[PDB]
Structure formats: C-alpha cells, structure tokens
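Colleague: Data: upload.cif, mmCIF, N, CA and C atoms.
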```
data_coords
loop_
_atom_site.label_atom_id
_atom_site.label_comp_id
_atom_site.auth_asym_id
_atom_site.auth_seq_id
_atom_site.Cartn_x
_atom_site.Cartn_y
_atom_site.Cartn_z
N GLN O 253 31.81 69.61 152.47
CA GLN O 253 32.20 70.80 151.72
C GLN O 253 31.00 71.60 151.22
N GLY O 254 29.79 71.07 151.35
CA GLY O 254 28.60 71.75 150.85
C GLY O 254 27.76 72.37 151.95
N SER O 255 27.88 71.85 153.17
CA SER O 255 27.09 72.34 154.29
C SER O 255 27.52 73.73 154.76
N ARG O 256 28.55 74.31 154.16
CA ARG O 256 28.99 75.64 154.56
C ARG O 256 27.84 76.63 154.46
N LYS O 257 27.53 77.28 155.58
CA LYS O 257 26.49 78.31 155.63
C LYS O 257 27.14 79.65 155.33
N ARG O 258 27.11 80.03 154.05
CA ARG O 258 27.69 81.30 153.63
C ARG O 258 26.92 82.45 154.26
N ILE O 259 27.52 83.12 155.24
CA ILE O 259 26.83 84.18 155.96
C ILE O 259 27.26 85.56 155.47
N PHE O 260 28.56 85.84 155.48
CA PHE O 260 29.06 87.15 155.09
C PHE O 260 30.58 87.11 155.14
N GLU O 261 31.20 88.13 154.55
CA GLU O 261 32.64 88.32 154.58
C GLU O 261 32.96 89.68 153.99
N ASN O 262 33.99 90.32 154.52
CA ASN O 262 34.37 91.66 154.06
C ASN O 262 35.86 91.86 154.29
N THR O 263 36.64 91.76 153.21
CA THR O 263 38.04 92.17 153.24
C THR O 263 38.28 93.20 152.14
N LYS O 264 37.58 93.04 151.02
CA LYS O 264 37.43 94.00 149.93
C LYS O 264 38.69 94.10 149.07
N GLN O 265 39.82 93.52 149.46
CA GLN O 265 41.03 93.65 148.67
C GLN O 265 41.85 92.37 148.56
N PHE O 266 41.36 91.24 149.08
CA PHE O 266 41.99 89.96 148.82
C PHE O 266 40.97 88.84 148.96
N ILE O 267 41.08 87.85 148.08
CA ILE O 267 40.22 86.66 148.15
C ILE O 267 40.94 85.68 149.07
N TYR O 268 40.78 85.89 150.37
CA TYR O 268 41.41 85.06 151.40
C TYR O 268 40.33 84.19 152.03
N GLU O 269 40.30 82.92 151.64
CA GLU O 269 39.37 81.95 152.20
C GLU O 269 39.91 81.46 153.54
N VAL O 270 39.12 81.62 154.59
CA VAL O 270 39.52 81.24 155.94
C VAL O 270 38.94 79.87 156.25
N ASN O 271 39.70 79.05 156.98
CA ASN O 271 39.24 77.73 157.39
C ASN O 271 38.32 77.90 158.60
N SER O 272 37.04 77.59 158.42
CA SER O 272 36.05 77.78 159.47
C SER O 272 35.00 76.69 159.36
N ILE O 273 34.96 75.80 160.35
CA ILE O 273 33.92 74.78 160.39
C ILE O 273 32.58 75.42 160.71
N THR O 274 31.51 74.84 160.18
CA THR O 274 30.16 75.34 160.38
C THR O 274 29.38 74.38 161.27
N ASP O 275 28.21 74.84 161.71
CA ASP O 275 27.35 74.07 162.58
C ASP O 275 25.95 73.99 161.97
N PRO O 276 25.27 72.85 162.10
CA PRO O 276 23.91 72.75 161.54
C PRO O 276 22.96 73.80 162.08
N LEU O 277 23.11 74.20 163.34
CA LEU O 277 22.23 75.19 163.94
C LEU O 277 22.42 76.58 163.34
N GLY O 278 23.48 76.80 162.56
CA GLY O 278 23.72 78.10 161.97
C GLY O 278 24.78 78.89 162.70
N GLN O 279 25.86 78.22 163.10
CA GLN O 279 26.97 78.85 163.81
C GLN O 279 28.24 78.74 162.98
N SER O 280 29.11 79.74 163.13
CA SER O 280 30.38 79.81 162.42
C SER O 280 31.51 79.73 163.44
N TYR O 281 32.33 78.69 163.32
CA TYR O 281 33.43 78.45 164.25
C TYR O 281 34.75 78.56 163.49
N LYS O 282 35.59 79.50 163.91
CA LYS O 282 36.94 79.58 163.38
C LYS O 282 37.79 78.45 163.96
N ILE O 283 38.93 78.20 163.34
CA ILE O 283 39.83 77.12 163.74
C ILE O 283 41.20 77.72 164.00
N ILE O 284 41.79 77.39 165.15
CA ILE O 284 43.11 77.86 165.52
C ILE O 284 43.90 76.70 166.10
N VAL O 285 45.20 76.67 165.78
CA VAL O 285 46.11 75.64 166.25
C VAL O 285 47.31 76.32 166.90
N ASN O 286 47.69 75.84 168.08
CA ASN O 286 48.82 76.38 168.81
C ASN O 286 49.64 75.23 169.38
N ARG O 287 50.96 75.31 169.22
CA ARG O 287 51.84 74.27 169.72
C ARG O 287 51.83 74.19 171.24
N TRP O 288 51.52 75.28 171.93
CA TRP O 288 51.50 75.31 173.38
C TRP O 288 50.24 74.68 173.97
N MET O 289 49.35 74.15 173.14
CA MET O 289 48.18 73.46 173.64
C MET O 289 48.58 72.14 174.28
N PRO O 290 47.74 71.60 175.17
CA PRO O 290 48.10 70.36 175.87
C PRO O 290 48.12 69.13 174.97
N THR O 291 47.57 69.22 173.75
CA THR O 291 47.52 68.14 172.77
C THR O 291 46.49 67.07 173.14
N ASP O 292 45.86 67.16 174.31
CA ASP O 292 44.91 66.15 174.77
C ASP O 292 43.53 66.74 175.01
N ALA O 293 43.17 67.80 174.29
CA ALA O 293 41.87 68.43 174.47
C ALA O 293 41.63 69.41 173.32
N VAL O 294 40.40 69.90 173.25
CA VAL O 294 39.97 70.87 172.25
C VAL O 294 39.10 71.90 172.95
N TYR O 295 39.42 73.18 172.79
CA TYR O 295 38.79 74.25 173.55
C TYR O 295 37.89 75.09 172.65
N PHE O 296 36.80 75.60 173.24
CA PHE O 296 35.91 76.54 172.58
C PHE O 296 35.76 77.77 173.47
N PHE O 297 35.57 78.93 172.85
CA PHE O 297 35.42 80.17 173.60
C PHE O 297 34.95 81.26 172.66
N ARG O 298 34.85 82.48 173.19
CA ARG O 298 34.28 83.62 172.48
C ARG O 298 35.28 84.72 172.19
N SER O 299 36.50 84.63 172.72
CA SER O 299 37.59 85.59 172.52
C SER O 299 37.35 86.91 173.24
N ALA O 300 36.24 87.05 173.96
CA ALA O 300 35.99 88.26 174.74
C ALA O 300 35.58 87.90 176.16
N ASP O 301 35.06 86.68 176.35
CA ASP O 301 34.66 86.23 177.67
C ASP O 301 35.83 85.86 178.57
N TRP O 302 37.06 85.92 178.06
CA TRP O 302 38.25 85.56 178.81
C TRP O 302 39.14 86.79 178.96
N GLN U 253 38.98 69.59 146.63
CA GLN U 253 38.35 70.83 146.19
C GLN U 253 37.47 71.45 147.27
N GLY U 254 37.23 70.75 148.38
CA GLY U 254 36.37 71.26 149.42
C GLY U 254 37.12 71.74 150.65
N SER U 255 38.33 71.22 150.85
CA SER U 255 39.13 71.59 152.01
C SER U 255 39.66 73.01 151.95
N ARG U 256 39.40 73.75 150.88
CA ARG U 256 39.87 75.12 150.77
C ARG U 256 39.38 75.94 151.96
N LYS U 257 40.33 76.52 152.70
CA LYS U 257 40.01 77.38 153.84
C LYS U 257 39.89 78.81 153.31
N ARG U 258 38.66 79.20 152.99
CA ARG U 258 38.39 80.54 152.49
C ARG U 258 38.71 81.56 153.58
N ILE U 259 39.80 82.30 153.42
CA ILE U 259 40.24 83.24 154.44
C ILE U 259 39.85 84.67 154.08
N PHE U 260 40.26 85.14 152.90
CA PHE U 260 40.01 86.52 152.49
C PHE U 260 40.53 86.69 151.07
N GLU U 261 40.13 87.80 150.45
CA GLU U 261 40.61 88.19 149.13
C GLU U 261 40.10 89.59 148.84
N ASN U 262 40.91 90.37 148.12
CA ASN U 262 40.54 91.75 147.81
C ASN U 262 41.22 92.16 146.51
N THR U 263 40.44 92.19 145.43
CA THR U 263 40.89 92.79 144.18
C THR U 263 39.89 93.86 143.76
N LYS U 264 38.61 93.61 144.03
CA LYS U 264 37.50 94.55 143.96
C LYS U 264 37.08 94.85 142.52
N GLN U 265 37.83 94.42 141.51
CA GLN U 265 37.45 94.74 140.14
C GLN U 265 37.64 93.59 139.16
N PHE U 266 38.02 92.40 139.62
CA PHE U 266 38.01 91.22 138.76
C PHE U 266 37.86 89.97 139.62
N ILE U 267 37.10 89.02 139.10
CA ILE U 267 36.94 87.71 139.76
C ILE U 267 38.07 86.83 139.23
N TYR U 268 39.25 87.00 139.82
CA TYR U 268 40.44 86.26 139.44
C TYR U 268 40.73 85.24 140.53
N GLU U 269 40.40 83.98 140.26
CA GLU U 269 40.67 82.88 141.18
C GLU U 269 42.13 82.46 141.01
N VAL U 270 42.88 82.49 142.11
CA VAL U 270 44.30 82.15 142.11
C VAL U 270 44.45 80.71 142.56
N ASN U 271 45.41 80.01 141.96
CA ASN U 271 45.70 78.63 142.34
C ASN U 271 46.55 78.65 143.60
N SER U 272 45.99 78.16 144.71
CA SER U 272 46.68 78.19 145.99
C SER U 272 46.28 76.96 146.79
N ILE U 273 47.24 76.06 147.02
CA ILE U 273 46.98 74.90 147.86
C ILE U 273 46.84 75.34 149.31
N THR U 274 46.02 74.62 150.06
CA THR U 274 45.77 74.92 151.47
C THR U 274 46.41 73.85 152.34
N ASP U 275 46.44 74.13 153.65
CA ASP U 275 47.02 73.23 154.62
C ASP U 275 46.01 72.96 155.73
N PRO U 276 45.96 71.73 156.25
CA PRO U 276 45.01 71.44 157.34
C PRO U 276 45.18 72.34 158.55
N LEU U 277 46.42 72.74 158.86
CA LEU U 277 46.66 73.59 160.02
C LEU U 277 46.12 75.00 159.84
N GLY U 278 45.70 75.38 158.63
CA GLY U 278 45.17 76.70 158.40
C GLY U 278 46.17 77.63 157.74
N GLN U 279 46.91 77.12 156.76
CA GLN U 279 47.91 77.89 156.04
C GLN U 279 47.52 77.98 154.57
N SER U 280 47.91 79.09 153.94
CA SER U 280 47.62 79.35 152.53
C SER U 280 48.95 79.41 151.78
N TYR U 281 49.13 78.51 150.83
CA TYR U 281 50.36 78.41 150.05
C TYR U 281 50.06 78.72 148.59
N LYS U 282 50.68 79.77 148.07
CA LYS U 282 50.60 80.05 146.64
C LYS U 282 51.46 79.05 145.87
N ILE U 283 51.23 78.97 144.57
CA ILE U 283 51.93 78.03 143.70
C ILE U 283 52.59 78.82 142.58
N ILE U 284 53.88 78.56 142.35
CA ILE U 284 54.62 79.21 141.28
C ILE U 284 55.46 78.17 140.56
N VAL U 285 55.57 78.33 139.24
CA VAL U 285 56.33 77.43 138.38
C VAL U 285 57.30 78.27 137.56
N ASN U 286 58.56 77.83 137.51
CA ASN U 286 59.59 78.52 136.75
C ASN U 286 60.43 77.50 136.00
N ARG U 287 60.68 77.77 134.72
CA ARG U 287 61.47 76.86 133.91
C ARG U 287 62.91 76.76 134.39
N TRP U 288 63.43 77.79 135.05
CA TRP U 288 64.80 77.79 135.53
C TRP U 288 64.99 76.99 136.81
N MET U 289 63.94 76.34 137.31
CA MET U 289 64.07 75.49 138.47
C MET U 289 64.85 74.23 138.11
N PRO U 290 65.45 73.57 139.11
CA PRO U 290 66.26 72.37 138.81
C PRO U 290 65.45 71.18 138.34
N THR U 291 64.13 71.20 138.48
CA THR U 291 63.22 70.14 138.07
C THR U 291 63.28 68.93 139.00
N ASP U 292 64.20 68.91 139.97
CA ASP U 292 64.37 67.77 140.87
C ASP U 292 64.13 68.15 142.33
N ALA U 293 63.31 69.16 142.58
CA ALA U 293 63.05 69.59 143.95
C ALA U 293 61.85 70.54 143.95
N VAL U 294 61.38 70.85 145.15
CA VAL U 294 60.26 71.76 145.37
C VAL U 294 60.62 72.64 146.55
N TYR U 295 60.52 73.96 146.38
CA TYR U 295 61.01 74.92 147.36
C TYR U 295 59.85 75.63 148.05
N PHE U 296 60.05 75.97 149.32
CA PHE U 296 59.12 76.78 150.09
C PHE U 296 59.87 77.96 150.68
N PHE U 297 59.18 79.09 150.82
CA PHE U 297 59.81 80.29 151.37
C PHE U 297 58.72 81.32 151.67
N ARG U 298 59.16 82.50 152.10
CA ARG U 298 58.27 83.56 152.57
C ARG U 298 58.27 84.80 151.70
N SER U 299 59.16 84.87 150.71
CA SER U 299 59.28 85.98 149.76
C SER U 299 59.84 87.25 150.39
N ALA U 300 60.17 87.22 151.68
CA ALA U 300 60.79 88.36 152.33
C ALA U 300 62.02 87.93 153.11
N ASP U 301 62.09 86.65 153.49
CA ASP U 301 63.23 86.13 154.22
C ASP U 301 64.46 85.92 153.35
N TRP U 302 64.35 86.17 152.04
CA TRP U 302 65.45 85.97 151.11
C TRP U 302 65.83 87.31 150.49
#
```
Output the file's structure in the form of structure tokens.
Modeller:
Amino acid sequence: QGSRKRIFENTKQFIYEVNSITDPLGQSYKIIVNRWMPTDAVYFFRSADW
Amino acid sequence: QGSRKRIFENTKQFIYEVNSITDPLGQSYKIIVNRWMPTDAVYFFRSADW
C-alpha cells in the first residue's frame, strides 16, 4: 500500500480512487475484470495496439 | 486501509474524504446509515433502479 508511485490524476470534480497496481520500474497498470475472460490467464496490452 | 482503489474525485473546494468501502473487482460502494432501517439486514442498490 506504500509503494504506490503517485504520478498524476485529473478529474477535478470527484475524489474517485482507481484501483491500479504499480511497478517498481515506474509503470502504472490499470486493472480490469471481465466475465468473458478464459479464467485461465492474465492479459496485458496498451488499449491502442489492438 | 491500503486496498482503496483511488479512482477519481471532484469537489474542487473542500478536502472532504467520504467513507466508501471498496471491492477487489474494482467497485466503489458508498456507505449510508438510517435509523428507519430494520436493523436486521444490509441493502445494496444503484439509487436509480428504484
């Protein structure tokens, strides 16, 4: 809970804390869950490369 | 106290921290207490579906 690398955020009208795991190298990874996933794997991507 | 998924917030003129339990799946649940409740149950809803 302390290793969070606070980088930035801008919503300006709600204190909405998003669940996002961090990386030691200085990366911010969002987390998404979908029932249509195969349940036997975990995927990473960029949301624009696909 | 660390599992809070900081998503967003916007009041812009007061640092008002709201009591809101979080969910591992990435959900934000507000908390409300009313004396007129039956005292023997706990309700969930969407505030628009009713």
Colleague: Got a sec: who's within 8 Å of stretch 283-288 of chain O, counting only C-alpha atoms, leaving out chain neighbours fewer than 3 positions off, as a list in words?
Modeller: residues 271, 272 and 273 of chain O; 277 and 278 of chain U
Colleague: Evaluate the PyMOL selection byres ((chain U and name CA) within 9 of (chain O and name CA)) here and jot the selected residues down as a PyMOL selection string.
Modeller: chain U and resi 253-264+268-270+276-280
Colleague: Identify all residues satisfying the PyMOL selection byres (((chain U and resi 293-296 and name CA) around 10) and name CA) in the given file; provide them as an NGL selection string.
Modeller: :U and (281-285 or 289-292 or 297-299)
Colleague: Any idea what the distance is between atom CA of residue O:274 and atom N of residue U:275?
Modeller: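 Taking atom CA of residue O:274 as the start and atom N of residue U:275 as the end point, the length is 17.7 Å.
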